Amino acid sequence: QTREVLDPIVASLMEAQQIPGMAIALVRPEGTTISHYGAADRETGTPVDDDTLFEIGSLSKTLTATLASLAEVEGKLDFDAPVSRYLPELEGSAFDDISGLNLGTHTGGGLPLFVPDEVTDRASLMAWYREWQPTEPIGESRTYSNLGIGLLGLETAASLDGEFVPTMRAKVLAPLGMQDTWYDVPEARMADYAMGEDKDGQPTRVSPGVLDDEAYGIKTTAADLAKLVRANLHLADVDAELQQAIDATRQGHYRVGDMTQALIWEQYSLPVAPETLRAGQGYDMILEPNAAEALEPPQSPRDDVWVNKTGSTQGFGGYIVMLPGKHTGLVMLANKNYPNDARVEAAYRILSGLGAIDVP
Ligand SMILES: [Ca+2]
Ligand SMILES: [Ca+2]
Ligand SMILES: [Ca+2]
Ligand SMILES: [Ca+2]
Ligand SMILES: [Cs+]
């Protein structure tokens with residue numbers, strides 16, 4: 001049925017991009033369909049199944065955003081407040097002028113993409129933040145950033161008086177029922193941990209690193225992510241504060257050309273062209289500063305949009321698309337880092353094929 005539309009697109013996708021295995025969740029009002037394809041590990045041939053864990057990379061950022069938003073709903077975190085209010089060890093730095101909202105929208109003054117090599121632990125990280133000088137106007141320019149969302153994770157953890165991972169597990173993952181979601185894959189589940197393949201056909205698995213948890217560290221199943229997506233689409237029953245936290249992550253905060261930056265989530269008004277989506281996932285959007293105009297009539301969550309987030313590691317590639325107006329969402333996880341253009345095309349074809357959008 002749904003599988004009739006889905007399966008040939010995935011097969012062609014996996015053949016065209018030589019992806020060993022995929023896990024796919026389609027969320028709709030009527031229920032969720034989970035599909036697994038191919039091998040969790042090319043060398044061993046172990047099949048992808050209900051238990052297979054995939055590195056989701058920057059998809060992790062949506063959880064980080066969600067926890068941040070929940071701290072805000074509980075009144076423990078103020079989004080427009082200076083970051084140094086919750087992290088006094090940054091008092092007197094640029095983070096007297098940068099808010100948690102800036103960090104969640106990548107408008108923190110040009111805070112760079114990658115954690116620098118000199119930063120090896122928490123203490124060298126906080127020293128790096130104290131000394132860093134903005135290179136872009138705060139709140140007026142977007143630079144996609146691991147350091148920024150990372151800091152939002154640390155700001156959030158302080159505001160909740162807890163450690164990031166257990167606090168995420170207790171306040172977001174457990175209540176969403178996301179029990180196959182891990183930051184550090186336990187020894188007992190290593191057999192379910194899919195092996196990544198890089199662009200050269202080589203086995204690869206993500207290494208620990210500074211701010212890994214906050215920015216890119218999650219290993220999970222497609223079904224678990226579908227639960228986050230379910231909740232975003234108002235198709236789950238969750239704690240009222242959690243739902244409100246989740247809803248607030250889709251508030252539009254900045255216009256960035258054709259893209260609206262919400263809280264980590266990025267969105268486009270419908271109808272959207274695939275080329276517009278592709279431009280969102282390209283060099284010009286991801287790897288350059290883009291002018292960003294604040295929406296302070298803070299836009300209420302919209303029901304006429306394409307909401308998405310890509311996430312990758314060296315050996316993994318993931319994509320989440322939500323269409324709130326159609327109560328429809330799509331999660332695609334692969335143990336290959338294949339081009340974002342191809343993720344976009346496959347998503348669009350799936351959703352168009354399902355009748356959830358129209359091509360012209
Ligand atoms: Ca405020
Ligand atoms: Ca490095
Ligand atoms: Ca860590
Ligand atoms: Ca094509
Ligand atoms: Cs768990």
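Just so you know, residue 1 is the first one in the sequence shown, and it goes up from there. Just so you know, ligand 1 is whichever comes first in the structure, and atom 1 is the first atom listed for that ligand.
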**Q** Could you measure the distance from the CD atom of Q261 to the CD atom of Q267? Nearest 0.5 Å is fine.
**A**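 Interatomic distance, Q261 CD to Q267 CD, rounded to 0.5 Å: 9.0 Å.
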**Q** Other residues, nucleotides and ligands only: do more than 12 of their heavy atoms fall within 6.0 Å of CD on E131?
**A** no
**Q** Please verify the inter-ring angle class for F95 with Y129; under 30° counts as parallel, over 60° as perpendicular, anything in between as tilted.
**A**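 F95 vs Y129 ring planes: perpendicular.
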**Q** Between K76 and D161 (salt bridge meaning N to carboxylate O under 4.0 Å), is one present in this structure?
**A** no
**Q** Quick one: name the protein N/O/S atoms under 3.0 Å from the Ca ion (ligand 4), chain by chain.
**A** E345 OE1, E345 OE2
**Q** Side chains of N335 and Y193: is there a donor and an acceptor less than 3.5 Å apart?
**A** no
**Q** Relative to each other, are the rings of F164 and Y183 parallel, tilted or perpendicular (30° and 60° limits)?
**A**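 Answer is perpendicular, since the angle exceeds 60°.
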**Q** Nearest to the Ca ion (ligand 2), which N, O or S atom of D117 do we find?
**A**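 It is OD1 of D117.
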